[PDB]
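Engineer: Compact mmCIF, C-alpha atoms, file final_5.txt:
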# COMPACT_ATOMS: atom_id res chain seq x y z
CA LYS A 3 24.04 77.48 104.95
CA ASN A 4 22.45 78.91 101.80
CA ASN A 5 23.74 79.91 98.36
CA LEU A 6 22.80 83.59 98.36
CA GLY A 7 26.43 84.48 97.74
CA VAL A 8 26.80 82.80 94.35
CA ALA A 9 25.37 84.28 91.17
CA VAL A 10 25.19 82.72 87.72
CA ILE A 11 25.60 84.93 84.67
CA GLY A 12 25.67 82.93 81.47
CA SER A 13 28.18 80.11 81.84
CA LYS A 14 30.02 81.82 84.70
CA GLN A 15 29.61 81.71 88.46
CA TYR A 16 30.51 84.68 90.65
CA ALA A 17 30.77 85.41 94.34
CA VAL A 18 28.32 88.20 95.20
CA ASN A 19 27.14 89.88 98.42
CA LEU A 20 30.69 90.28 99.71
CA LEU A 21 31.65 92.80 102.38
CA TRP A 22 33.72 95.46 100.62
CA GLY A 23 36.01 97.97 102.23
CA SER A 24 39.08 100.13 101.83
CA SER A 25 41.51 101.60 104.34
CA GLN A 26 41.31 105.19 105.50
CA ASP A 27 43.72 107.67 107.07
CA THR A 28 47.09 106.09 107.85
CA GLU A 29 45.63 102.61 107.75
CA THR A 30 47.05 100.34 105.06
CA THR A 31 44.85 98.10 102.92
CA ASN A 32 46.46 95.08 104.56
CA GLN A 33 45.54 96.31 108.05
CA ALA A 34 42.00 97.24 107.07
CA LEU A 35 41.45 93.84 105.46
CA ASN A 36 42.78 91.87 108.40
CA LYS A 37 40.66 93.92 110.79
CA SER A 38 37.62 93.13 108.67
CA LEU A 39 38.46 89.42 108.50
CA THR A 40 38.87 89.34 112.27
CA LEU A 41 35.62 91.23 112.84
CA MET A 42 33.71 88.86 110.57
CA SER A 43 35.51 85.70 111.67
CA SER A 44 36.20 85.02 108.00
CA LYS A 45 39.19 83.60 106.12
CA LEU A 46 37.93 84.43 102.62
CA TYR A 47 39.16 87.58 100.93
CA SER A 48 40.32 89.30 97.77
CA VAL A 49 42.26 92.49 97.27
CA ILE A 50 41.62 94.42 94.09
CA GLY A 51 43.57 97.36 92.80
CA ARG A 52 42.14 100.39 91.04
CA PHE A 53 43.69 103.65 89.86
CA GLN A 54 42.47 105.69 92.84
CA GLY A 55 43.69 103.00 95.22
CA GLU A 56 42.97 99.55 96.57
CA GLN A 57 40.07 97.84 98.28
CA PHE A 58 39.13 94.39 99.50
CA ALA A 59 36.24 91.97 99.74
CA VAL A 60 35.53 89.62 102.64
CA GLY A 61 33.52 86.47 101.97
CA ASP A 62 30.91 84.66 104.04
CA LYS A 63 31.05 80.87 103.90
CA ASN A 64 27.54 80.74 105.36
CA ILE A 65 26.06 81.97 102.09
CA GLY A 66 28.16 79.74 99.84
CA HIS A 67 31.41 81.65 99.43
CA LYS A 68 34.46 79.46 98.84
CA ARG A 69 38.10 79.87 97.85
CA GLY A 70 38.53 80.18 94.08
CA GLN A 71 35.28 81.97 93.25
CA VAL A 72 35.64 85.06 91.08
CA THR A 73 33.98 88.05 92.73
CA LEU A 74 31.49 89.70 90.40
CA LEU A 75 32.38 93.29 91.25
CA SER A 76 36.06 92.70 90.52
CA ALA A 77 35.09 91.35 87.09
CA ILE A 78 33.03 94.40 86.10
CA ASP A 79 35.23 96.81 84.19
CA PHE A 80 35.68 100.30 85.56
CA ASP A 81 36.24 103.03 82.95
CA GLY A 82 36.14 106.10 85.16
CA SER A 83 32.37 106.39 85.28
CA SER A 84 30.34 105.42 88.36
CA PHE A 85 27.29 103.16 88.14
CA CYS A 86 24.67 101.27 90.09
CA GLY A 87 21.87 98.91 89.17
CA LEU A 88 19.28 96.28 90.01
CA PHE A 89 19.95 93.12 88.00
CA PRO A 90 18.41 89.63 87.83
CA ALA A 91 21.05 86.87 87.76
CA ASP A 92 20.39 83.64 85.85
CA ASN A 93 19.82 81.57 88.98
CA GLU A 94 16.72 83.03 90.67
CA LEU A 95 18.83 85.68 92.36
CA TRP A 96 18.59 89.48 92.29
CA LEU A 97 21.66 91.69 92.46
CA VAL A 98 22.00 95.33 93.53
CA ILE A 99 25.41 96.85 92.87
CA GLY A 100 27.09 100.24 92.94
CA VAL A 101 30.58 101.55 92.17
CA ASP A 102 31.63 105.15 92.81
CA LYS A 103 33.57 107.66 90.72
CA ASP A 104 36.82 106.34 92.22
CA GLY A 105 36.02 102.73 91.38
CA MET A 106 35.26 101.82 94.99
CA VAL A 107 32.54 99.26 95.52
CA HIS A 108 29.72 100.88 97.50
CA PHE A 109 27.13 98.14 97.05
CA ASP A 110 27.27 94.41 96.39
CA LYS A 111 24.06 92.78 97.57
CA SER A 112 22.13 89.69 96.51
CA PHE A 113 18.52 88.76 97.33
CA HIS A 114 16.36 85.74 96.64
CA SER A 115 13.39 88.11 96.49
CA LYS A 116 12.85 90.72 93.79
CA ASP A 117 10.72 92.86 96.11
CA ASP A 118 13.47 92.97 98.74
CA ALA A 119 16.03 93.81 96.05
CA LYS A 120 13.83 96.55 94.58
CA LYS A 121 13.23 97.97 98.06
CA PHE A 122 16.95 98.02 98.89
CA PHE A 123 17.72 99.62 95.53
CA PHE A 124 15.25 102.47 96.03
CA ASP A 125 15.90 103.04 99.73
CA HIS A 126 19.70 103.04 99.63
CA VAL A 127 21.17 102.77 96.14
CA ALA A 128 19.37 104.50 93.29
CA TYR A 129 19.62 107.89 94.98
CA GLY A 130 22.46 107.39 97.43
CA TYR A 131 25.23 108.68 95.18
CA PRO A 132 25.48 110.75 91.94
CA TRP A 133 25.87 107.71 89.66
CA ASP A 134 26.90 108.41 86.08
CA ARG A 135 24.77 105.43 85.01
CA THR A 136 21.85 103.62 86.66
CA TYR A 137 20.33 100.33 85.49
CA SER A 138 17.14 98.46 86.39
CA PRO A 139 14.48 96.29 84.69
CA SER A 140 11.88 98.00 82.49
CA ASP A 141 9.14 97.34 85.05
CA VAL A 142 11.27 99.26 87.55
CA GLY A 143 11.88 102.31 85.38
CA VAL A 144 14.99 103.76 87.04
CA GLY A 145 17.81 104.46 84.61
CA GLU A 146 18.25 102.11 81.65
CA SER A 147 17.11 98.51 81.32
CA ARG A 148 20.31 96.51 80.83
CA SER A 149 21.38 93.00 81.84
CA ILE A 150 24.55 92.27 83.82
CA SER A 151 25.66 90.26 80.78
CA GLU A 152 25.56 93.52 78.82
CA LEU A 153 28.19 95.18 81.03
CA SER A 154 31.89 95.20 80.12
CA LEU A 155 33.96 92.65 82.05
CA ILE A 156 37.62 91.94 82.71
CA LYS A 157 39.38 89.02 84.37
CA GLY A 158 38.12 89.10 87.93
CA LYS A 159 39.97 88.29 91.14
CA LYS A 160 39.25 85.05 92.99
CA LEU A 161 38.54 84.63 96.69
CA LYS A 162 41.64 83.49 98.58
CA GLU A 163 41.63 81.75 101.95
CA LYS A 164 43.43 82.40 105.25
Let me see whether you can do it: turn the structure in this file into C-alpha cells.

Structural biologist:
Amino acid sequence: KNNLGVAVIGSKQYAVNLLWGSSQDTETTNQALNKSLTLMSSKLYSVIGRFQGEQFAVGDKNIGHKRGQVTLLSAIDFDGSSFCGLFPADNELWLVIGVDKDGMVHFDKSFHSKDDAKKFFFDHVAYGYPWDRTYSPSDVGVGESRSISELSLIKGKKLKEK
C-alpha cells in the first residue's frame, strides 16, 4: 500500500486518482457504479451530480483511499467551461486533471514523478479534448501557469463505503 491517492492542497487533504465514470444508454448511474465497484473489487465510492447528469468515482484502498475523504474533482467548481491541467500538490505529488464541457471528469491522475505526470499530460490530456482552459507550470509552457489552490472550489463529496 502507498499513498498516491491522497493529495494535500493547503490545509486540506483530498482523494485523487479515482476511477471516474458515468452511465450510458439505458444504464442508470446506480447500475454503472455497482458494475464498476464489482469490476474493481472496491467498496469506496462517491456519486456527484452535475447539470448535464451524474457520475461516480470508485476508490482504491491500495493507494490510500478511505471512507470520508473528499474527492478533489468533486470539490473543483464547474462553471460551464471545460479545463485540464498539470498541477503540483503540496505533498510531493503531481496531479493531472481534466473536466469536459458537460462537467464530466475525464482525467484524475496522480504521480509521484513529475516526468511521468508531464508525459501523461502531453500524451493524453493537453490535446485530448478541446479544453476551454489549460494549466501547467511555467517550465511546461502549456496553457496558463496556475496552482490548484488558485482554482474555485465548492464543498466536495466524500468517499462512502460499501

Engineer: When you count all atoms listed in the file, which of these residues is closest to residue 97 in chain A: A:119, A:72, A:41, A:128?

Structural biologist: A:119

Engineer: Considering all atoms listed in the file, state which residue in the set A:35, A:21, A:42, A:153 is at the smallest distance from residue 85 in chain A.

Structural biologist: A:153

Engineer: Would you please work out which residue, of A:84, A:93, A:57, A:149, is nearest to residue 113 in chain A when using all atoms listed in the file?

Structural biologist: A:93

Engineer: For residue 163 in chain A, which residue among A:39, A:69, A:56, A:10 is the nearest when counting only C-alpha atoms?

Structural biologist: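 Of A:39, A:69, A:56, A:10, the one nearest residue 163 in chain A is A:69, counting only C-alpha atoms.
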
Engineer: Quick one: residues within 8 Å of residue 157 in chain A, all atoms listed in the file, excluding same-chain residues fewer than 2 positions away - as a list in words?

Structural biologist: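 My reading of the contact set: residues 76, 77, 155 and 159 of chain A.
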
Engineer: Please reconstruct the missing atoms of range 99-120 of chain A (target: N, CA and C atoms) and return them as a tab-separated table (two decimals), in the frame of the given file.

Structural biologist:
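Output file rebuild28.tsv is given in full below:
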chain	number	residue	atom	x	y	z
A	99	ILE	N	24.01	96.46	92.79
A	99	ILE	CA	25.41	96.85	92.87
A	99	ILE	C	25.61	98.35	92.68
A	100	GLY	N	26.79	98.83	93.07
A	100	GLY	CA	27.09	100.24	92.94
A	100	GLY	C	28.58	100.50	93.10
A	101	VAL	N	29.16	101.23	92.15
A	101	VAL	CA	30.58	101.55	92.17
A	101	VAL	C	30.70	103.07	92.00
A	102	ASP	N	31.50	103.70	92.85
A	102	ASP	CA	31.63	105.15	92.81
A	102	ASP	C	32.61	105.67	91.77
A	103	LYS	N	32.70	107.00	91.69
A	103	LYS	CA	33.57	107.66	90.72
A	103	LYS	C	35.03	107.26	90.84
A	104	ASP	N	35.43	106.75	92.00
A	104	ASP	CA	36.82	106.34	92.22
A	104	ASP	C	37.00	104.84	92.02
A	105	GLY	N	35.94	104.16	91.60
A	105	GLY	CA	36.02	102.73	91.38
A	105	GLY	C	35.84	101.90	92.63
A	106	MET	N	35.47	102.55	93.74
A	106	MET	CA	35.26	101.82	94.99
A	106	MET	C	33.88	101.21	95.02
A	107	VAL	N	33.81	99.95	95.44
A	107	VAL	CA	32.54	99.26	95.52
A	107	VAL	C	31.75	99.79	96.71
A	108	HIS	N	30.58	100.36	96.44
A	108	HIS	CA	29.72	100.88	97.50
A	108	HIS	C	28.65	99.86	97.85
A	109	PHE	N	28.16	99.15	96.84
A	109	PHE	CA	27.13	98.14	97.05
A	109	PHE	C	27.38	96.85	96.29
A	110	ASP	N	27.15	95.74	96.97
A	110	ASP	CA	27.27	94.41	96.39
A	110	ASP	C	26.33	93.56	97.23
A	111	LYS	N	25.06	93.53	96.83
A	111	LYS	CA	24.06	92.78	97.57
A	111	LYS	C	23.28	91.83	96.68
A	112	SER	N	22.91	90.68	97.24
A	112	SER	CA	22.13	89.69	96.51
A	112	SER	C	20.88	89.42	97.33
A	113	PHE	N	19.79	89.05	96.66
A	113	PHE	CA	18.52	88.76	97.33
A	113	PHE	C	17.82	87.64	96.60
A	114	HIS	N	17.10	86.79	97.32
A	114	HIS	CA	16.36	85.74	96.64
A	114	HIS	C	15.01	86.30	96.21
A	115	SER	N	14.65	87.44	96.79
A	115	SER	CA	13.39	88.11	96.49
A	115	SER	C	13.56	89.40	95.71
A	116	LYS	N	12.80	89.53	94.62
A	116	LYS	CA	12.85	90.72	93.79
A	116	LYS	C	12.33	91.94	94.55
A	117	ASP	N	11.28	91.75	95.35
A	117	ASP	CA	10.72	92.86	96.11
A	117	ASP	C	11.73	93.43	97.10
A	118	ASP	N	12.45	92.54	97.78
A	118	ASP	CA	13.47	92.97	98.74
A	118	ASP	C	14.60	93.71	98.03
A	119	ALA	N	14.96	93.22	96.85
A	119	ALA	CA	16.03	93.81	96.05
A	119	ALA	C	15.60	95.19	95.55
A	120	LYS	N	14.37	95.28	95.06
A	120	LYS	CA	13.83	96.55	94.58
A	120	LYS	C	13.79	97.55	95.73
